[PDB]
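Two versions of one and the same chain are coming, encoded as structure tokens; call them structure 1 and structure 2.
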Structure 1
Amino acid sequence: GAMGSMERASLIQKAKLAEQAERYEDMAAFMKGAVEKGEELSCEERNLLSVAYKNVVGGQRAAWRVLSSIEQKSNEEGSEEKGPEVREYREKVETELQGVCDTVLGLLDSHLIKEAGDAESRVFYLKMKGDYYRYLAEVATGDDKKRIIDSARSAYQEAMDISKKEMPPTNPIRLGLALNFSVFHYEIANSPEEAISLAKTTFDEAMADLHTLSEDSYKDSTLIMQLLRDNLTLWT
């Protein structure tokens, strides 16, 4: 509650400064503070929340992958025993990553999702819930791996159901949701055919709706469509 004494508007202002300074841990703490003021977030504020924690967890995920690769190489045949240090430090990074994911999921559960009535906010937060369960799933190995995966799947599915009912196929949130659910299928759920089908249907349905858009909206939608195409090119 270290941000409890700062005004909501000052927290948002400082989150934007932290972004300019590439101080994403600060940015996340400011936006957590803003969320804990208890008011719903605007579109811009939701983006700030997402940018901050995307960059924090992004650094942790990249570090975890470096360390996991070293750990796995240490457990091949002919590898010298180097002691517990690699495992220990990988566990340290993994625990910090899980703590960030838990923090985000806690904000969504208390009480961003329950107060989100509009499709754009509700889908945004449910996508975020899927994303941060997906990051937990990337590092999970024990008894709860399956339940973490199902938690991600359930959040993404509720978001998809709403987005398909309430949003046009070119909406960037809908597009980024489908992109990420497709990555979930490919990388987490061992369902590459589901991933490919989802990416292709999403891309084709957005293509057929581009004619309705302004030039600026067209640029926003085609940016995410190109990521879908990039993945299909990687996967096929």
Structure 2
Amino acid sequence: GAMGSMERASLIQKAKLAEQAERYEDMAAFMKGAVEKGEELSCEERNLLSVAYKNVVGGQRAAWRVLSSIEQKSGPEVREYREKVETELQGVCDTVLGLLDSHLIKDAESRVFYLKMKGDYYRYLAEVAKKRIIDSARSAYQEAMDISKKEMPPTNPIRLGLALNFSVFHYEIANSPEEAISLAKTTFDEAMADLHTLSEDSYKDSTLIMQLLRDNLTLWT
């Protein structure tokens, strides 16, 4: 590995510097090297891995949507460049899914965290695809839902975030707005019903995500 000679702690340190510098490609490479040391990631380290790669693919997805939009309005130049960006985007998704399967997927919260990630990056592959991909995303999301409902409180931010992204999967990908609405409403309603389970160290993230669930419900209705 390109990061094989660097100590794990230095890779984490440099991932944090790259974040401060908004160098998310470097940040993703440092975290990949840390994962490849073979040790589990702490909560803080999981977030760094998520922040790093989600920013990389985010920029690629935004670029792909622009080029795809230009392509629909319509020489081979637009298609060719859209394909170039598409292939690069698929490469990053394959890298993340490879890390998840090879190192990270094996604590309920951590298991849900990584299964949510797998559903996200299969969802990103489905946006440009197929169905062999969507069923992989659903299977990952669904398994993550099963664990979170049994093991984590209804206000837990990982549980809430999983349901939000899973509901987006139902709406945008599966074209199933009914399942997207019921899930988002059930998630929000069950968080409010057991609002007392908010945690002192994560309530800001819980309330943030609860509001984002409400925002999507407002749009979808």
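Think of the rigid core as the biggest set of C-alphas that the two forms share within 1.5 Å after superposition. Along the sequence of structure 1, residues get numbers from 1 upward.
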property	result
Core-superposed C-alpha of residue 226 shifting 2 Å or more between structures 1 and 2	no
Threshold 2 Å Cα movement between structures 1 and 2 at residue 22, rigid core reference	no
Post core alignment: residue 13 C-alpha displaced by 2 Å or more between structures 1 and 2	no
Cα displacement of residue 169 between structures 1 and 2, once the rigid core is superposed (Å)	0.4
Shift in Å of the residue 210 Cα between structures 1 and 2 [rigid core superposition]	1.5
